[PDB]
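Next comes run.pdb, a file with PDB, C-alpha atoms and all ligand atoms.
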```
ATOM      1  CA  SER A   1       9.273 -14.667 -15.757  1.00  0.00           C
ATOM      2  CA  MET A   2       9.716 -10.871 -15.527  1.00  0.00           C
ATOM      3  CA  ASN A   3       7.473 -10.039 -12.461  1.00  0.00           C
ATOM      4  CA  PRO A   4       8.891 -10.985  -9.042  1.00  0.00           C
ATOM      5  CA  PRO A   5       6.765 -12.985  -6.616  1.00  0.00           C
ATOM      6  CA  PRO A   6       4.374 -10.578  -4.881  1.00  0.00           C
ATOM      7  CA  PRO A   7       4.951  -9.540  -1.254  1.00  0.00           C
ATOM      8  CA  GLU A   8       3.676 -12.193   1.198  1.00  0.00           C
ATOM      9  CA  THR A   9       0.218 -11.516   2.755  1.00  0.00           C
ATOM     10  CA  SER A  10       0.588 -14.361   5.318  1.00  0.00           C
ATOM     11  CA  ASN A  11       3.501 -16.112   7.046  1.00  0.00           C
ATOM     12  CA  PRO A  12       2.947 -18.879   9.617  1.00  0.00           C
ATOM     13  CA  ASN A  13       6.327 -17.987  11.255  1.00  0.00           C
ATOM     14  CA  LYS A  14       5.464 -14.250  11.718  1.00  0.00           C
ATOM     15  CA  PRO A  15       3.709 -13.440  15.036  1.00  0.00           C
ATOM     16  CA  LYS A  16       0.147 -12.100  14.529  1.00  0.00           C
ATOM     17  CA  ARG A  17      -1.805  -9.501  16.506  1.00  0.00           C
ATOM     18  CA  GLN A  18      -5.002  -7.428  16.460  1.00  0.00           C
ATOM     19  CA  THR A  19      -4.788  -3.945  18.040  1.00  0.00           C
ATOM     20  CA  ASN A  20      -7.475  -1.212  17.983  1.00  0.00           C
ATOM     21  CA  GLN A  21      -4.992   0.777  15.767  1.00  0.00           C
ATOM     22  CA  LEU A  22      -4.738  -2.105  13.194  1.00  0.00           C
ATOM     23  CA  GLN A  23      -8.597  -2.421  13.321  1.00  0.00           C
ATOM     24  CA  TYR A  24      -8.760   1.373  12.544  1.00  0.00           C
ATOM     25  CA  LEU A  25      -6.209   0.961   9.677  1.00  0.00           C
ATOM     26  CA  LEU A  26      -8.501  -1.696   8.031  1.00  0.00           C
ATOM     27  CA  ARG A  27     -12.009  -0.363   8.973  1.00  0.00           C
ATOM     28  CA  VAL A  28     -11.286   3.413   8.341  1.00  0.00           C
ATOM     29  CA  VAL A  29      -7.927   4.075   6.522  1.00  0.00           C
ATOM     30  CA  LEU A  30      -7.755   1.208   3.967  1.00  0.00           C
ATOM     31  CA  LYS A  31     -11.571   1.283   3.308  1.00  0.00           C
ATOM     32  CA  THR A  32     -11.530   5.089   2.637  1.00  0.00           C
ATOM     33  CA  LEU A  33      -8.511   4.852   0.262  1.00  0.00           C
ATOM     34  CA  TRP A  34      -9.733   1.618  -1.456  1.00  0.00           C
ATOM     35  CA  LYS A  35     -13.005   3.184  -2.777  1.00  0.00           C
ATOM     36  CA  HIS A  36     -11.239   6.396  -3.989  1.00  0.00           C
ATOM     37  CA  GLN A  37     -11.543   7.205  -7.730  1.00  0.00           C
ATOM     38  CA  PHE A  38      -7.682   7.067  -7.938  1.00  0.00           C
ATOM     39  CA  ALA A  39      -7.183   3.810  -5.903  1.00  0.00           C
ATOM     40  CA  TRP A  40      -7.283   1.274  -8.801  1.00  0.00           C
ATOM     41  CA  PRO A  41      -3.576   1.423  -9.928  1.00  0.00           C
ATOM     42  CA  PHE A  42      -2.602   0.710  -6.265  1.00  0.00           C
ATOM     43  CA  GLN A  43      -5.104  -2.182  -5.664  1.00  0.00           C
ATOM     44  CA  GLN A  44      -2.618  -4.913  -6.825  1.00  0.00           C
ATOM     45  CA  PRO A  45       1.154  -5.360  -7.292  1.00  0.00           C
ATOM     46  CA  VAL A  46       2.646  -3.457 -10.278  1.00  0.00           C
ATOM     47  CA  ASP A  47       2.384  -5.891 -13.249  1.00  0.00           C
ATOM     48  CA  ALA A  48       5.534  -4.617 -14.983  1.00  0.00           C
ATOM     49  CA  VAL A  49       5.093  -7.291 -17.726  1.00  0.00           C
ATOM     50  CA  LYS A  50       1.516  -6.214 -18.675  1.00  0.00           C
ATOM     51  CA  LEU A  51       2.481  -2.463 -18.348  1.00  0.00           C
ATOM     52  CA  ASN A  52       5.603  -3.045 -20.563  1.00  0.00           C
ATOM     53  CA  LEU A  53       7.882  -1.497 -17.847  1.00  0.00           C
ATOM     54  CA  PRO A  54      10.785  -3.997 -17.822  1.00  0.00           C
ATOM     55  CA  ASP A  55      12.898  -1.618 -15.603  1.00  0.00           C
ATOM     56  CA  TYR A  56      10.238  -1.307 -12.820  1.00  0.00           C
ATOM     57  CA  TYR A  57      11.682  -4.108 -10.585  1.00  0.00           C
ATOM     58  CA  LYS A  58      15.276  -3.120 -11.508  1.00  0.00           C
ATOM     59  CA  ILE A  59      14.498   0.264  -9.807  1.00  0.00           C
ATOM     60  CA  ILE A  60      11.905  -0.713  -7.119  1.00  0.00           C
ATOM     61  CA  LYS A  61      13.303  -3.452  -4.788  1.00  0.00           C
ATOM     62  CA  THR A  62      10.704  -2.983  -1.954  1.00  0.00           C
ATOM     63  CA  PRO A  63       7.388  -3.126  -3.894  1.00  0.00           C
ATOM     64  CA  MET A  64       4.127  -2.564  -2.019  1.00  0.00           C
ATOM     65  CA  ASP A  65       0.472  -2.007  -2.972  1.00  0.00           C
ATOM     66  CA  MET A  66      -2.926  -1.588  -1.201  1.00  0.00           C
ATOM     67  CA  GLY A  67      -4.069  -5.109  -2.303  1.00  0.00           C
ATOM     68  CA  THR A  68      -1.141  -6.569  -0.318  1.00  0.00           C
ATOM     69  CA  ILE A  69      -1.878  -4.173   2.648  1.00  0.00           C
ATOM     70  CA  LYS A  70      -5.645  -5.130   2.573  1.00  0.00           C
ATOM     71  CA  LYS A  71      -4.808  -8.901   2.723  1.00  0.00           C
ATOM     72  CA  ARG A  72      -2.116  -8.356   5.425  1.00  0.00           C
ATOM     73  CA  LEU A  73      -4.733  -6.510   7.598  1.00  0.00           C
ATOM     74  CA  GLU A  74      -7.497  -9.128   6.917  1.00  0.00           C
ATOM     75  CA  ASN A  75      -4.977 -11.931   7.804  1.00  0.00           C
ATOM     76  CA  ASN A  76      -3.770 -10.120  11.033  1.00  0.00           C
ATOM     77  CA  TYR A  77      -0.313 -10.465   9.376  1.00  0.00           C
ATOM     78  CA  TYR A  78       0.934  -7.341  11.256  1.00  0.00           C
ATOM     79  CA  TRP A  79       2.111  -7.110  14.880  1.00  0.00           C
ATOM     80  CA  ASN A  80       1.623  -3.307  15.065  1.00  0.00           C
ATOM     81  CA  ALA A  81       0.284  -0.180  13.275  1.00  0.00           C
ATOM     82  CA  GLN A  82       3.860   1.011  12.454  1.00  0.00           C
ATOM     83  CA  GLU A  83       4.413  -2.056  10.150  1.00  0.00           C
ATOM     84  CA  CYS A  84       1.209  -1.189   8.224  1.00  0.00           C
ATOM     85  CA  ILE A  85       1.940   2.594   8.066  1.00  0.00           C
ATOM     86  CA  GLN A  86       5.454   1.674   6.781  1.00  0.00           C
ATOM     87  CA  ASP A  87       3.848  -0.370   3.929  1.00  0.00           C
ATOM     88  CA  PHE A  88       1.607   2.617   2.933  1.00  0.00           C
ATOM     89  CA  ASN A  89       4.698   4.924   3.001  1.00  0.00           C
ATOM     90  CA  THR A  90       6.677   2.415   0.842  1.00  0.00           C
ATOM     91  CA  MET A  91       3.794   2.219  -1.678  1.00  0.00           C
ATOM     92  CA  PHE A  92       3.712   6.049  -2.059  1.00  0.00           C
ATOM     93  CA  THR A  93       7.534   6.492  -2.062  1.00  0.00           C
ATOM     94  CA  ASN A  94       7.963   3.787  -4.773  1.00  0.00           C
ATOM     95  CA  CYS A  95       5.411   5.652  -6.958  1.00  0.00           C
ATOM     96  CA  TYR A  96       7.312   9.002  -6.524  1.00  0.00           C
ATOM     97  CA  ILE A  97      10.745   7.311  -7.165  1.00  0.00           C
ATOM     98  CA  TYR A  98       9.782   5.424 -10.373  1.00  0.00           C
ATOM     99  CA  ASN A  99       7.439   7.972 -12.064  1.00  0.00           C
ATOM    100  CA  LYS A 100       8.291  11.544 -13.213  1.00  0.00           C
ATOM    101  CA  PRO A 101       6.679  14.463 -11.304  1.00  0.00           C
ATOM    102  CA  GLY A 102       3.480  15.642 -13.085  1.00  0.00           C
ATOM    103  CA  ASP A 103       2.648  12.049 -14.296  1.00  0.00           C
ATOM    104  CA  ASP A 104      -1.071  11.126 -13.833  1.00  0.00           C
ATOM    105  CA  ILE A 105      -0.072   8.297 -11.416  1.00  0.00           C
ATOM    106  CA  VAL A 106       1.945  10.854  -9.302  1.00  0.00           C
ATOM    107  CA  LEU A 107      -1.061  13.258  -8.997  1.00  0.00           C
ATOM    108  CA  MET A 108      -3.234  10.182  -8.139  1.00  0.00           C
ATOM    109  CA  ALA A 109      -0.744   9.036  -5.412  1.00  0.00           C
ATOM    110  CA  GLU A 110      -0.551  12.635  -4.023  1.00  0.00           C
ATOM    111  CA  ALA A 111      -4.397  12.747  -3.668  1.00  0.00           C
ATOM    112  CA  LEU A 112      -4.474   9.308  -1.925  1.00  0.00           C
ATOM    113  CA  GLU A 113      -1.475  10.264   0.311  1.00  0.00           C
ATOM    114  CA  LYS A 114      -3.187  13.544   1.402  1.00  0.00           C
ATOM    115  CA  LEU A 115      -6.272  11.424   2.408  1.00  0.00           C
ATOM    116  CA  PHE A 116      -4.027   8.752   4.067  1.00  0.00           C
ATOM    117  CA  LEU A 117      -2.276  11.466   6.182  1.00  0.00           C
ATOM    118  CA  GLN A 118      -5.680  12.937   7.275  1.00  0.00           C
ATOM    119  CA  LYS A 119      -6.819   9.464   8.532  1.00  0.00           C
ATOM    120  CA  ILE A 120      -3.411   8.583  10.176  1.00  0.00           C
ATOM    121  CA  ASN A 121      -3.602  11.929  12.103  1.00  0.00           C
ATOM    122  CA  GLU A 122      -6.815  10.520  13.777  1.00  0.00           C
ATOM    123  CA  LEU A 123      -5.192   7.138  14.652  1.00  0.00           C
ATOM    124  CA  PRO A 124      -6.631   6.158  18.082  1.00  0.00           C
ATOM    125  CA  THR A 125      -4.357   5.605  21.127  1.00  0.00           C
ATOM    126  CA  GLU A 126      -3.506   1.897  21.774  1.00  0.00           C
TER     127      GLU A 126
HETATM  128  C1  LIG A 201       1.483   2.471  -9.121  1.00  0.00           C
HETATM  129  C2  LIG A 201       2.491   2.879 -10.161  1.00  0.00           C
HETATM  130  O1  LIG A 201       3.494   3.510  -9.886  1.00  0.00           O
HETATM  131  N1  LIG A 201       2.291   2.512 -11.495  1.00  0.00           N
HETATM  132  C3  LIG A 201       1.170   1.825 -11.963  1.00  0.00           C
HETATM  133  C4  LIG A 201       0.674   0.658 -11.379  1.00  0.00           C
HETATM  134  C5  LIG A 201      -0.435   0.010 -11.894  1.00  0.00           C
HETATM  135  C6  LIG A 201      -1.085   0.519 -13.027  1.00  0.00           C
HETATM  136  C7  LIG A 201      -2.273  -0.222 -13.529  1.00  0.00           C
HETATM  137  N2  LIG A 201      -2.625  -0.053 -14.785  1.00  0.00           N
HETATM  138  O2  LIG A 201      -2.882  -0.981 -12.762  1.00  0.00           O
HETATM  139  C8  LIG A 201      -0.597   1.680 -13.616  1.00  0.00           C
HETATM  140  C9  LIG A 201       0.507   2.340 -13.082  1.00  0.00           C
HETATM  141  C10 LIG A 201       1.059   3.579 -13.716  1.00  0.00           C
HETATM  142  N3  LIG A 201       0.457   3.813 -15.014  1.00  0.00           N
HETATM  143  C11 LIG A 201      -0.641   4.586 -15.121  1.00  0.00           C
HETATM  144  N4  LIG A 201      -0.973   5.038 -16.346  1.00  0.00           N
HETATM  145  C12 LIG A 201      -2.098   5.768 -16.412  1.00  0.00           C
HETATM  146  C13 LIG A 201      -2.862   6.038 -15.300  1.00  0.00           C
HETATM  147 CL1  LIG A 201      -4.329   6.975 -15.417  1.00  0.00          CL
HETATM  148  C14 LIG A 201      -2.443   5.535 -14.091  1.00  0.00           C
HETATM  149  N5  LIG A 201      -1.326   4.805 -13.980  1.00  0.00           N
HETATM  150  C15 LIG A 201       2.584   3.491 -13.798  1.00  0.00           C
HETATM  151  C16 LIG A 201       3.267   3.006 -12.493  1.00  0.00           C
HETATM  152  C17 LIG A 201       4.384   1.990 -12.717  1.00  0.00           C
END
```
Once you've parsed the file, please lay out its structure as structure tokens.
Ligand SMILES: CC(=O)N1c2ccc(C(N)=O)cc2[C@H](Nc2ncc(Cl)cn2)C[C@@H]1C
Amino acid sequence: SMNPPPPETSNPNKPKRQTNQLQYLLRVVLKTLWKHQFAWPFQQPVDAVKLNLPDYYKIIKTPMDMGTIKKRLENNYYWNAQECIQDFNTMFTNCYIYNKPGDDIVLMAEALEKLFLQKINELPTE
């Protein structure tokens, strides 16, 4: 079975927390990015089988996607904002590592990342 298991969105052994920053990441940051015209490739784990990209998970060993981030936030999976911001950064970095510059998916990621950075700049104080 060529796809790996997706990243966990819950873990009963991982301490859970709600902070005003994590509330902002779900209510403002994720919601803004999720509805974007370019969001759809990022809304679920890369299906490297269906995309016929057998090398994707040979190259990308820390996969991440906004579907996973959305469920982690809804589940209060995170302890802090940094864990969630790290997942967004991983999602973007994976896209830039795997794909060639100028690819449609790269321009799409760049547009979402510019919007992500705008919203992260307005992160409230804890
Ligand atoms: C996120 C990422 O790097 N990739 C990805 C993931 C999911 C989906 C998809 N079809 O859901 C598609 C892609 C990318 N392919 C693509 N082709 C055309 C357009 Cl208009 C947008 N993307 C490749 C890449 C592995």
How far is it from CA of residue 34 in chain A to CA of residue 1 in chain A, in Å with one decimal?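 It comes out at 28.8 Å.
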Exercise answer, 8 Å around ligand LIG 201 (chain A) with all atoms listed in the file, as a PyMOL selection string: chain A and resi 40-48+51+53+56+65+91+94-96+98-99+104-106+108-109
Around (-3.4, -4.7, 2.2) in the file's frame, which residues reach within 10 Å when counting all atoms listed in the file? Return as a VMD selection string? chain A and resid 9 25 to 26 30 34 43 to 44 64 to 75 77 84 87 to 88
Build an axis-aligned box that encloses every atom of range 96-107 of chain A listed in the file, pad it by 5 Å on each side, and report its centre and edge lengths in Å to one decimal, as AutoDock Vina command-line options.
```
--center_x 4.8 --center_y 10.5 --center_z -10.4 --size_x 21.8 --size_y 20.2 --size_z 17.8
```
Gap from CA of residue 55 in chain A to CA of residue 89 in chain A - Å, one decimal: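 Separation of CA of residue 55 in chain A and CA of residue 89 in chain A: 21.4 Å.
The space between CA of residue 11 in chain A and CA of residue 32 in chain A spans 26.4 Å.
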Would you please work out which residue, of A:124, A:63, A:15, A:54, is nearest to residue 76 in chain A when using all atoms listed in the file?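 Distance minimum relative to residue 76 in chain A lands on A:15.
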Distance criterion (all atoms listed in the file): nearest to residue 82 in chain A out of A:112, A:120, A:107, A:39: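 Between A:112, A:120, A:107, A:39, the residue approaching residue 82 in chain A most closely is A:120.
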So that I can check the surroundings of residue 13 in chain A, please list as a list in words every protein, DNA and RNA residue that reaches within 12 Å of it, counting only C-alpha atoms and ignoring chain neighbours fewer than 3 positions away.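 In the requested form, the answer reads residues 8, 10, 16, 77 and 78 of chain A.
Nearest-residue note for residue 22 in chain A: choosing from A:81, A:117, A:111, A:123, the minimum distance belongs to A:81, counting only C-alpha atoms.
Within the file as shown, the PyMOL selection byres (((chain A and resi 126) around 7) and not hetatm) identifies residues 20, 21, 124 and 125 of chain A.
Nearest to residue 31 in chain A of all the residues A:49, A:116, A:80, A:92 is A:116, based on all atoms listed in the file.
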